[PDB]
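Student:
Protein chains: 2
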Amino acid sequence: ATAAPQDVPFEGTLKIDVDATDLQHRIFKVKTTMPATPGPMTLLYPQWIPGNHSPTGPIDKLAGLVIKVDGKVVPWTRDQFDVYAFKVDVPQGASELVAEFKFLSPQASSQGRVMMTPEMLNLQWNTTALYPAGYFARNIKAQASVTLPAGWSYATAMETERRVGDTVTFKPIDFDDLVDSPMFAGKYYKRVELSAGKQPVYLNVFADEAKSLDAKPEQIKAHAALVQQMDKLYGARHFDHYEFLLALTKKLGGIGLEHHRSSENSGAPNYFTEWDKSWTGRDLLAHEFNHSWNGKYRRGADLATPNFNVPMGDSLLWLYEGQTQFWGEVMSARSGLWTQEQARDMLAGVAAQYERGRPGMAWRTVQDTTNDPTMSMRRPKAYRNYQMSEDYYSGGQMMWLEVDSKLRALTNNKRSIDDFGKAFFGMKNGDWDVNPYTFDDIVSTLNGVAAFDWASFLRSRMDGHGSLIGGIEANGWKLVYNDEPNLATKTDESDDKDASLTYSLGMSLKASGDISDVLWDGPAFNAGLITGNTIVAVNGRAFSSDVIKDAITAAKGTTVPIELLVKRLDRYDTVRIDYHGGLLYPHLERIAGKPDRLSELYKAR
Amino acid sequence: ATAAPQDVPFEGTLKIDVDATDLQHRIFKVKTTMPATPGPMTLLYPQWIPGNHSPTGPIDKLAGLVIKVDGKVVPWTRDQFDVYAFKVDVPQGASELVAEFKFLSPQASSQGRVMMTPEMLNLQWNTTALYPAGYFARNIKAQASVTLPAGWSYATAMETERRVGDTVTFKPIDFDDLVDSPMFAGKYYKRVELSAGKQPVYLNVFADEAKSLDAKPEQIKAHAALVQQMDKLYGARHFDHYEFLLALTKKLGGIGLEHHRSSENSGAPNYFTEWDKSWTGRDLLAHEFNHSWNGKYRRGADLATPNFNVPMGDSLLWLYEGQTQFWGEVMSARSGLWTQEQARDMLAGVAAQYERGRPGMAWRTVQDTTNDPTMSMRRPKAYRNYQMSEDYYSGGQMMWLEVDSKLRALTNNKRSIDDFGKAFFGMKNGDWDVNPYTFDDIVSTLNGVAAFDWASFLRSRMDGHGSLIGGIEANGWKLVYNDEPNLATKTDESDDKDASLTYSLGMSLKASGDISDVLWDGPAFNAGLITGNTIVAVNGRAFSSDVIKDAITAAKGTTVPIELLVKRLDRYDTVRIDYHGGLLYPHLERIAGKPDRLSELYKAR
Ligand code: NA
Ligand code: NA
Ligand SMILES: [Zn+2]
Ligand SMILES: [Zn+2]
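Protein chains in written order, with the UniProt record's numbering: chain A, 22 to 626; chain B, 22 to 626.
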């Protein structure tokens, strides 16, 4: 029941002062100061957070709220039909409103992602802000300040005015850009320049331990090459400068959140020190960097809302996140963050996920999964393979691969998806405002690269139940399965000694034997198994990942079923699974007669 | 973005057929059938569920949705601004629409409360229903049927039409009453008569094991006495019959959900077999039963919404839940479910919670906590004592105790809160349609019992930051603290060897030493401790509940701080706590000069 935002001028400055020193309790103390308008005033806590596409504003972690007008406490009343809105009565003749409160950041992952550690912290200004209703967020001039733990370094795209002791005062900035300008801070910090020039790019690394900061020259070069490969694709940079924020940690909550001139990224402490073991997650920075073009600068019209407290429309997330998921993996290969073999096996895993690992495609479309952020909030679901889960990411990626293959086929390889990126995102270098688009704009730009009924193509994939993996075969490769482990799966289930058996027994297991996932309508599903049941023994032998894998191989081509001793709650039973296909892991193999367009796409420019 | 529901007739019957046989996967298979009106049609999945006061409808657990009109599949489109709304186009000349889908109930507590076990199940019809938009829910005639696991018994307030094998068909009923008529089913079942007559009351017990059903005659009498004591209070029953549903289980998710003619209740398997050990939870059935009057029959006007897909206004929950919490404990004493000593120590614990255990009262009011269902959804919060948490329950209980004492003082003990209950809820015996009320109705009825400015009294308590425990002293008792354990705390910490130290060290601990709660501004809080930290040792000795309690006693009156070895994540440190007050547990003591009105209130009528 809050009035709609108005594109009207905001008089004065919204001052946000944050004390970020209580690392033990994980509390941010906040004071927000703003001109006071006589009459009923409504203050808003940001609800829909850009980049999350859902109402992730942690309203229940705002505590200790006290509001004073010219030094006098005024009682506040929350709108019971808009719990993010706080109403007060401002007397006639008033000058200034001051709101003080605390943001109680998660004390465990069960409360949300952790944002403070003994060595670092992550400040997202939307969690420490109240702003007046009735204004477009871009119309509110803001000025932020933060008091850091003693001696800590910090990094943010937002420009600093001065640091006095441990209190950093920033230059004035529009309120929407303030929310889009998060801060990392910590005691173990290394700043590396990735690109010089007029629009420079920097890498800011914070770590649990200083040893994680020892990035080698070739490792830094791959990150510098990422910026170079991005320039080749778009031909423009949508920022006056860019600040990568990377936390190498086991304590901070994982994050991959994009912004115009920065991104919040988390990685394992061995991101650099064990480069060959930590590769599966190294597409993160390429992914978030691409969003500066696709998502931040160019955004769906129904997603580009006027403030943080009106609902966002996620209908075009299969471009926002879908093509960014596509380019994140592509750019990883082009920059050297991934090897070509690593990128190709990653692609095989995605292709298998939609050919055999998503039986829920029979009833649900990828378009409907753009509602998953608001529907699920990434909360646990029983069957990610049947309920589906934000498949506008990887399912959208597969479509954009087919778009690339179709663009090549229509033009005899003279045009590709690279031409769409430059045409759709490469305009107005230096602009980091919002440039909205609609579905028709995507179709029109695609048609400008190569004439075709792109409207039908896009809708048939996003609104259909059929195959999404056509881009693999069109670009000269074929998805196959054999007993050779997938490079991603091998790395992602080793050390833990887990067992991914999605395409054989239709389940995944931990080393303990606990089932961690069950494929809908697969062999494990048809034995009544669910996640949380335990495989106790295989053919009478105590469970291990190697034991169940060897039994799958021993059952290949025979008629002797696999005998599984299963614990369901407090009961034990034995099931016989008649699976005789052996171990099956996805790979890509060349089609000899066809041109290898896939390697062209993944090749450095 | 869904059109508002209108109080217009709905032509035909909404048929809801549920297959509840897949206990292994915990899946409810659903077929919903209704007349199909040509043109655009929107189907709604219930979102706001009565009794939860929040949008708890599990939309992301609806899977496999296929909609057919006269046997022909029609594509559905979800409203991206209303994810509970499914839109289809019904062709001209059509007759019938059928929607088939599956409700994937929780496979572990992390997905929600478990609703299916090998021995029992809980069917909530809102999870297995789709209904047409544009109609008041009470205008939709519905008919439900369910196929049970072979041979299982069932219980529900809904009248049965026929059971053919294991398929139970219920008589037609208004759709809003269908959602309000849940079913328990199981293999170990006992039906116990609590009250005969024209408006009979029955207790339906389902258990993990048949041995738990051996309720003794004196135990049944206490439940029968509960019905008699409620008759004395209200003088009317708002149902044609009432069916308690009680699950004695360690497998089904806990539940306490009220309805007009039934309630969903869970207890431990030793609810009857270890009567003396399971007492702390025995106010549940009294609590839920009272809601048939206070909450179901009488409801705040802003809470009595026209369908399940418009937001609810929780502003008057301090009567709905607050006075029900009050009567739940009082009726436990009056009926014999609790002894008078147990009820008195329970009340002492509530009084201490608001005298010393709720420092968040300094900034937040009890009225604002009526927004907690939608703000928090009972998700984990760091400081329930400072953020506060649904204090319209126990904080509301204390206000109603003060209301009772004021009614007695105004009338020389000739009137009490019993007269409000009869006046406000005792009209129209047999009626179980909703009779809404506003704040002014509460004031007017209180004024009719005894003239007073009740509007100011209620607002000052619920919009204030002052003491809520004034009814204790006004009714002749005083809240005190000593080292004698509270009966509730002792029972709720024994066997597990846990340690509740809220009023000494300001924290609670598990037997492992893991801190489970920290009181804002208390001694543990002032040492930087948070929930999830571990107390490893006390004065150098490995932690136990007895060890830390003995150290608290040993520190009483001295100046030697308590040395606690603490594990915080992967670091160990020793903290010195300068607490010298000893162990402190709350109790109620008589005021010798004042009349004992409290014992009158808790005495059986
Ligand atoms: Na801007
Ligand atoms: Na009714
Ligand atoms: Zn992304
Ligand atoms: Zn209740």
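The beta-carbon is built from N, C-alpha and C at its ideal position, and this holds for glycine as well.
DSSP on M333 (chain A), reduced to helix/strand/coil?
Tutor: Position 312 of the first sequence, counted from the start, is the residue given in the question as residue 333 (chain A). Of the three classes helix, strand and coil, the one that applies to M333 (chain A) here is coil, per DSSP.
Student: What do you reckon, are the CB atoms on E376 (chain B) and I241 (chain B) nearer than 8 Å?
Tutor: Numbered from its first residue, the second sequence carries residue 376 (chain B) at position 355. Numbered from its first residue, the second sequence carries residue 241 (chain B) at position 220. No, Cβ-Cβ distance for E376 (chain B) and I241 (chain B) is not below 8 Å.
Student: Name the chain A residues that come within less than 8 Å of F102 (chain B), Cβ to Cβ?
Tutor: Taking the second sequence and counting its residues from 1, one reaches residue 102 (chain B) at position 81. Going along chain A in sequence order, the residues near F102 (chain B) (Cβ under 8 Å) are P332, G334.
Student: Nearest CA to the CA of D198 (chain A): which residue from A:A364, A:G497, A:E279, A:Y623?
Tutor: Within the first sequence, the letter at position 177 stands for residue 198 (chain A). The option with the nearest alpha carbon to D198 (chain A) is A:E279.
Student: What residues from chain A crowd round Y407 (chain B), counting only those whose CB sits closer than 7 Å?
Tutor: Position 386 of the second sequence, counted from the start, is the residue given in the question as residue 407 (chain B). Within 7 Å Cβ-Cβ: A84.
Student: Tell me, please, whether the region 203-222 of chain B touches the region 262-277 of chain B by the rule of three or more beta-carbon pairs shorter than 8 Å.
Tutor: Counting Cβ pairs under 8 Å, three or more are found: they touch.
Student: At the level of alpha carbons, what is the spacing between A471 (chain B) and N434 (chain B)?
Tutor: Position 450 of the second sequence, counting from 1, holds the residue named residue 471 (chain B). Position 413 of the second sequence, counting from 1, holds the residue named residue 434 (chain B). Straight-line Cα distance between these residues: approximately 11 Å.
Student: Grab me the residues of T294 (chain A)'s own chain with a C-beta within less than 8 Å of its C-beta, minus the 5 sequence neighbours each way, in chain order.
Tutor: Here residue 294 (chain A) is taken as the residue at index 273 of the first sequence, counted from 1. Taken in chain order, the residues that qualify are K232, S233, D235.
Student: Using a Cβ-Cβ cutoff of less than 6 Å, which residues in the same chain neighbour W348 (chain B) once the five nearest sequence positions on both sides are dropped?
Tutor: Stepping through the second sequence from its first residue, residue 348 (chain B) is reached at position 327. Result list for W348 (chain B): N311, in chain order.
Student: Would you call the region 79-99 of chain A and the region 111-119 of chain A in contact, with 3 or more CB pairs under 8 Å?
Tutor: Contact holds: three or more Cβ-Cβ distances are below 8 Å.
Student: Should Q45 (chain B) and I551 (chain A) be called a contact, given that it needs their Cβ atoms to be closer than 8 Å?
Tutor: The count along the second sequence starts at 1 and reaches residue 45 (chain B) at position 24. The count along the first sequence starts at 1 and reaches residue 551 (chain A) at position 530. Their beta carbons are under 8 Å apart, which means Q45 (chain B) touches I551 (chain A) by this criterion.
Student: Name the residue from A:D28, A:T77, A:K50, A:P61 whose alpha carbon lies nearest to the alpha carbon of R399 (chain A).
Tutor: Taking the first residue of the first sequence as position 1, residue 399 (chain A) is located at position 378. Checking every option, the nearest Cα to that of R399 (chain A) belongs to A:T77.
Student: Where does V185 (chain B) sit, in a helix, a strand or coil, going by DSSP?
Tutor: Here residue 185 (chain B) corresponds to residue number 164 of the second sequence, with the count starting at 1. Reduced to three states, the DSSP call for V185 (chain B) is strand.
Student: Give me whichever residues DSSP pairs with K208 (chain B) in a beta bridge.
Tutor: As a working mapping, residue 208 (chain B) is identified with position 187 in the second sequence. Paired residues: none, contrary to the question.
Student: What are the complete beta strand (DSSP E) segments, minimum 3 residues, inside the UniProt domain "PDZ" (526-591) of chain B?
Tutor: Counting whole runs of 3 or more residues, the UniProt domain "PDZ" (526-591) of chain B contains the beta strand (DSSP E) stretches 528-530, 536-539, 555-559, 583-589.
Student: Should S336 (chain B) go down as buried or exposed, given a rule of 16 or more other Cβ atoms within 10 Å for buried?
Tutor: Residue mapping note: residue 336 (chain B) aligns to position 315 of the second sequence, counting from 1. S336 (chain B) is buried by the Cβ-count criterion.
Student: Comparing the CB of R159 (chain B) with every heavy atom of ligand 2, is any distance shorter than 7 Å?
Tutor: One-based indexing of the second sequence puts residue 159 (chain B) at position 138. Yes.
Student: Is it true that the region 164-174 of chain B meets the region 188-204 of chain B, where meeting means three or more beta-carbon pairs spaced less than 8 Å apart?
Tutor: Verdict: yes, contact present.
Student: What residue range is occupied by the uninterrupted alpha helix (DSSP H) comprising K272 (chain B)?
Tutor: Here residue 272 (chain B) refers to the residue found at position 251 when the second sequence is read from its first residue. Here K272 (chain B) belongs to no alpha helix (DSSP H), and DSSP marks it neither H nor E.
Student: Quick one: which chain A residues come within Cβ less than 8 Å of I80 (chain B)?
Tutor: Taking the second sequence and counting its residues from 1, the one referred to as residue 80 (chain B) is at position 59. Residues of chain A passing the Cβ test: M396.
Student: What three-state label does DSSP hand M55 (chain A) in the structure shown?
Tutor: What you label residue 55 (chain A) is simply residue 34 of the first sequence in a count that begins at 1. Strand, per DSSP.
Student: Look up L605 (chain B) in the DSSP assignment and say whether it is helix, strand or coil.
Tutor: Locating residue 605 (chain B) in the second sequence gives position 584, where the first residue counts as 1. In this structure, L605 (chain B) counts as coil in the three-state DSSP scheme.
Student: Is the region 381-392 of chain A touching the region 408-417 of chain A, taking contact as three or more C-beta pairs under 8 Å?
Tutor: Touching, yes.
Student: If we count the other Cβ atoms within 10 Å of its Cβ and call it buried at 16 or more, is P30 (chain B) buried or exposed?
Tutor: Translated into positions along the second sequence, residue 30 (chain B) becomes position 9. Flag for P30 (chain B) reads exposed.
Student: Below 6 Å CB to CB, which residues in the same chain sit around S529 (chain B) once its five sequence neighbours on both sides are set aside?
Tutor: Stepping through the second sequence from its first residue, residue 529 (chain B) is reached at position 508. Excluding positions up to five away in sequence, the list reads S521, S537, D538.
Student: Cβ of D197 (chain A) within 7 Å of any heavy atom in ligand 1?
Tutor: Along the first sequence, one-based indexing puts residue 197 (chain A) at 176. Result yes, Cβ under 7 Å from ligand 1.
Student: To the nearest angstrom, report how far apart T23 (chain A) and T149 (chain B) are at their CA atoms.
Tutor: Working through the first sequence from its first residue, we reach residue 23 (chain A) at position 2. Working through the second sequence from its first residue, we reach residue 149 (chain B) at position 128. Going from the Cα of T23 (chain A) to the Cα of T149 (chain B) covers about 33 Å.
Student: Taking the beta carbon of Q27 (chain B) as the centre, do at least 16 other beta carbons fall within 10 Å, making it buried, or is it exposed?
Tutor: Counting from one through the second sequence, the residue named residue 27 (chain B) turns up at place 6. By the 10 Å Cβ count, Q27 (chain B) comes out exposed.
Student: Which parts of the region 45-129 of chain A are runs of the alpha helix (DSSP H), unbroken and 4 residues or longer, counting only runs that do not cross its ends?
Tutor: Whole alpha helix (DSSP H) segments, 4+ residues: zero.
Student: Quick check on the burial criterion: 16 or more other C-beta atoms within 10 angstroms. Buried or exposed for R597 (chain A)?
Tutor: For the purposes of this step, residue 597 (chain A) is identified with residue 576 of the first sequence, where counting begins at 1. So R597 (chain A) ends up on the exposed side.
Student: Within the present structure, is the beta-carbon of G277 (chain A) separated from the nearest heavy atom of ligand 3 by less than 7 Å?
Tutor: Walking along the first sequence from the start, residue 277 (chain A) turns up at place 256. Under cutoff, so the answer is yes.
Student: In whole angstroms, give me the CA-to-CA distance for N328 (chain A) and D103 (chain A).
Tutor: By one-based count along the first sequence, residue 328 (chain A) stands at place 307. By one-based count along the first sequence, residue 103 (chain A) stands at place 82. If I take the Cα positions, the gap works out to 14 Å.
Student: Is there contact between the region 445-461 of chain B and the region 496-513 of chain B, where contact requires at least three CB pairs shorter than 8 Å?
Tutor: No contact exists between the region 445-461 of chain B and the region 496-513 of chain B.
Student: Taking all protein chains shown into account, decide if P71 (chain B) is buried (16 or more other Cβ within 10 angstroms of its Cβ) or exposed.
Tutor: Counting from one through the second sequence, the residue named residue 71 (chain B) turns up at place 50. Its Cβ being crowded by 16 or more others within 10 Å, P71 (chain B) is buried.
Student: Should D28 (chain B) be counted as a contact of ligand 2 given a C-beta to heavy atom distance under 7 Å?
Tutor: Position 7 of the second sequence, counted from the start, is the residue given in the question as residue 28 (chain B). Checking every heavy atom of ligand 2 against the Cβ of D28 (chain B), none is found closer than 7 Å.
Student: Using a Cβ-Cβ cut-off of 8 Å, state whether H74 (chain A) counts as contacting chain B.
Tutor: As a first step, residue 74 (chain A) is located in the first sequence; it is residue number 53 there, counting from the start. It does not; no Cβ of chain B falls within 8 Å.
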